[PDB]
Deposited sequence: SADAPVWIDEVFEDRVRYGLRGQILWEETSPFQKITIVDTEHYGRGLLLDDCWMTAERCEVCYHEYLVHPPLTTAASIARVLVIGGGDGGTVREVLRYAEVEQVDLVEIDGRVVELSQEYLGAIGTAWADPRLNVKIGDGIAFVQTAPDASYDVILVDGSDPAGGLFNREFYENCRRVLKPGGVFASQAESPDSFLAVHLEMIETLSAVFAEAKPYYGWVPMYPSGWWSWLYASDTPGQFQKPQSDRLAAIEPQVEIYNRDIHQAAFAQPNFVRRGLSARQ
């Protein structure tokens, strides 16, 4: 292998590249994808899938805190949480910081991502042994189609077409009253058209769907987004005081002001959405 640290580049559309100098600790192809475990100088250990940046030890909280804490502070209850994806273990770690959470089911199609993340990325996945976590290797899409009505308080998609309308309708069916759906919603910079289409799809399925915005330096443009959906309008703005007071002292980024801030929409998003109303 390489004597010294190499440039590990994610190339976007053959015309942008973002790279981190680091060592390859392990690379294999699973039946689903190429998995590359790396040791970066700037961010520590991390993960690519099909030569795209997924995570790293010191650029992960910015993804995981934004996916998890806005839904978990606002859902009427948080006893039962479903994560679709979650392979690196950072989403379930954030979800398990809340004492009210009773069960988290993680459903990840590629068992090699979980094994390799548990073996090398333990500094990100600190909650694998939490007796509330149940890890299932299988298709996340089939799981929500096959799950009971009103069985989960929160549904988090931690992965990325196969997330179509029928999938999101199952999500609404499987959510309990007062419950929250959330997922990544691509870049308003690098994937605007898909960004807007996802907002429109979730707005047609749920009573309210709101995008929110933050930073992932290793994703295309570094300008990333999420989508919150519930069947109560204005729920996204009303985190529970007691959940905020408990979570704020345990996280690196998220607080009551970041929570309100992230939902401010840039004029170009507001305009792209009103063009289609």
(request) Residue ranges with no C-alpha coordinates, please: along the deposited sequence, counted from 1, in order. (result) 161-164
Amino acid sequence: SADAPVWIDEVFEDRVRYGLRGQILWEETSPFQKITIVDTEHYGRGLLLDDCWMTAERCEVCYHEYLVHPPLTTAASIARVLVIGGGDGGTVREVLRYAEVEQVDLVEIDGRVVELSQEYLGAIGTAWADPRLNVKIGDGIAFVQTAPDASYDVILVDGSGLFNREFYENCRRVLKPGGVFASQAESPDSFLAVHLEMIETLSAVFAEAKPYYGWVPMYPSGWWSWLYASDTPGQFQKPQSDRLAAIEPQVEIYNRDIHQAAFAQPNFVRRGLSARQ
From here on, numbers count along this sequence of modelled residues.
(message) Quick check: 46-54 versus 241-249, which has the larger average CA B-factor in the record?
(response) 241-249
(request) Between 204-212 and 64-72, name whichever shows the higher mean Cα B factor according to the PDB entry. (result) 204-212
(request) Among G159, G179, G90, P188, single out the one with the highest C-alpha B factor in the record, please. (result) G159
(message) Among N170, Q118, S151, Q184, where is the Cα B factor highest in this entry?
(response) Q118
(request) For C59, return the chain-relative third of its C-alpha B-factor as stated in the PDB record: lowest, middle or highest. (result) highest
(message) Can you tell me whether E10 has a C-alpha B-factor in the lowest, middle or highest third compared with the other modelled residues of the same chain?
(response) middle
(request) Would you mind ranking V135 by its C-alpha B-factor against the rest of the chain and naming the third, lowest, middle or highest? (result) highest
(message) Looking at the temperature factor on the CA atom of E100, which third of the chain's modelled residues does it land in?
(response) highest
(request) State the tercile, meaning the lowest, middle or highest third, of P217 with respect to the CA B-factors recorded for its chain. (result) lowest
